[PDB]
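So the sequences go chain by chain: p and h.
Letter by letter, the first sequence follows residues 2 to 171 of PDB author numbering.
Letter by letter, the second sequence follows residues 81 to 143 of PDB author numbering.
Here the structure comes first, spelled out in structure tokens, and everything after it is commentary.
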Amino acid sequence: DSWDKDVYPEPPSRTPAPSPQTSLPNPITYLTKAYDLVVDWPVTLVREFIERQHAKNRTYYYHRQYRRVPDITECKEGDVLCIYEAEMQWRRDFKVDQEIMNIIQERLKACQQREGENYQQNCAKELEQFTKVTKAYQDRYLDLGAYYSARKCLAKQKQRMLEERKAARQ
Amino acid sequence: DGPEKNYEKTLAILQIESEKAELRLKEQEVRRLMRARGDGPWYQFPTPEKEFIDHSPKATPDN
Numbered sequence: 002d003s004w005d006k007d008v009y010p011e012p013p014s015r016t017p018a019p020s021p022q023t024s025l026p027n028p029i030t031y032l033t034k035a036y037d038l039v040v041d042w043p044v045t046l047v048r049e050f051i052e053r054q055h056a057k058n059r060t061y062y063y064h065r066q067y068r069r070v071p072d073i074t075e076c077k078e079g080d081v082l083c084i085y086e087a088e089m090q091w092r093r094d095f096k097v098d099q100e101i102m103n104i105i106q107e108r109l110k111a112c113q114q115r116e117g118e119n120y121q122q123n124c125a126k127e128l129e130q131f132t133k134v135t136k137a138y139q140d141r142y143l144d145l146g147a148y149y150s151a152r153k154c155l156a157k158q159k160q161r162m163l164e165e166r167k168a169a170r171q
Numbered sequence: 081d082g083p084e085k086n087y088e089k090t091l092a093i094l095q096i097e098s099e100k101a102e103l104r105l106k107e108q109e110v111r112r113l114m115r116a117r118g119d120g121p122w123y124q125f126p127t128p129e130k131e132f133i134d135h136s137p138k139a140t141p142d143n
């Protein structure tokens, strides 16, 4: 379980206790007990052996955080070095935002499947987060072309800010 | 080798290409200005030579 509930929330399961009002045996319970004893125990033993071997030959890998280079806004046009660094960090942030959108979509699908018949009521916050992140994504990356760039994103943001400022005049 | 090698190599390549483009535009402007008014080393069209003018006194004084 590398994943954490902070980024992939899951409500605690509330399963009811059995109430076997009938006298018949339960083939589901018998098959689950036999399935555990026959399949789950050897698989658990194999995985424990594998994990013991991994703990013997344990190694590590890291994350490689990048630091913020100067952006496209604060250096002169025609300077290909600053433009290159700003373009690379913008493409990096673009890919990160793609995966943020993927995380929100996974969260929404998990909410819908977990709630089932009550998805129209108790998935309100998941749908609200999905709508807000969709609106922000549409504000920053939507109309950019197949040659999307930091310069094009900046031009779109400046046009949107100009329209909002003009609307705020009246 | 890692991402930093390709990153810095791309930066060096971009610097070389940008300087070459700047120099090509400068060469075009310099050539245009020189041919418009020849005052630099280039487009120096010839002229009859001084060293074959006879400066000796002539048979006629009015020369």
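Every residue gets a Cβ at the ideal spot worked out from N, C-alpha and C, and that includes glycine.
Counting C-beta pairs with one atom in each stretch, the stretch 116-124 of chain p and the stretch 48-65 of chain p have fewer than three that are closer than 8 Å, which means they do not touch. At least 8 Å separates the CB of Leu163(p) from every CB of chain h. Shown in chain order are the members of the stretch 80-110 of chain p whose Cβ falls below 9 Å from a Cβ of chain h: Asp80, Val81, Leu82, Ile84, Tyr85, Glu86, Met89. For the stretch 101-117 of chain h, there are no residues whose beta carbon sits under 7 Å from a beta carbon of chain p. Between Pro71(p) and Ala87(p), the beta carbon gap of about 7 Å places them in contact (Cβ cut-off 8 Å).
By the neighbour-count criterion, in which 16 or more other beta carbons inside 10 Å mark a residue as buried, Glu78(p) falls on the exposed side. In this model, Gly120(h) and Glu88(h) are separated by some 39 Å (Cα to Cα). Listed along chain p are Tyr85, each with a C-beta nearer than 8 Å to that of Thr90(h). Here DSSP, grouped into helix, strand and coil, assigns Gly118(h) to coil. Judged by DSSP in its simplified three-state form, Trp4(p) adopts coil rather than helix or strand.
Within a 10 Å sphere around the beta-carbon of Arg92(p) sit fewer than 16 other beta-carbons, which makes this residue exposed. Excluding its 5 nearest sequence neighbours in each direction, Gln22(p) has no C-beta neighbour in its own chain below 7 Å. Out of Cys83(p), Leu46(p), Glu129(p), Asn58(p), the CA that lies nearest to the CA of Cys112(p) is found in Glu129(p).
Within its own chain, the residues whose Cβ lies closer than 8 Å to the Cβ of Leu155(p), once the five positions on either side in sequence are excluded, are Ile73, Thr74, listed in chain order.
Between the alpha carbons of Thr127(h) and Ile133(h) lies a gap of roughly 13 Å.
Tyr149(p) places its beta carbon 8 Å or farther from that of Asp98(p).
Taking CB atoms only, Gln95(h) has a neighbour in chain p less than 8 Å away. In the structure shown, the three-state DSSP call for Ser20(p) is coil. Rounded to the nearest angstrom, the gap between the Cα atoms of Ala101(h) and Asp80(p) is 12 Å. In the DSSP assignment, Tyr142(p) falls within the unbroken alpha helix (DSSP H) covering 125-142. In this chain, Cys76(p) is not harboured by any alpha helix (DSSP H), its DSSP state being neither H nor E.
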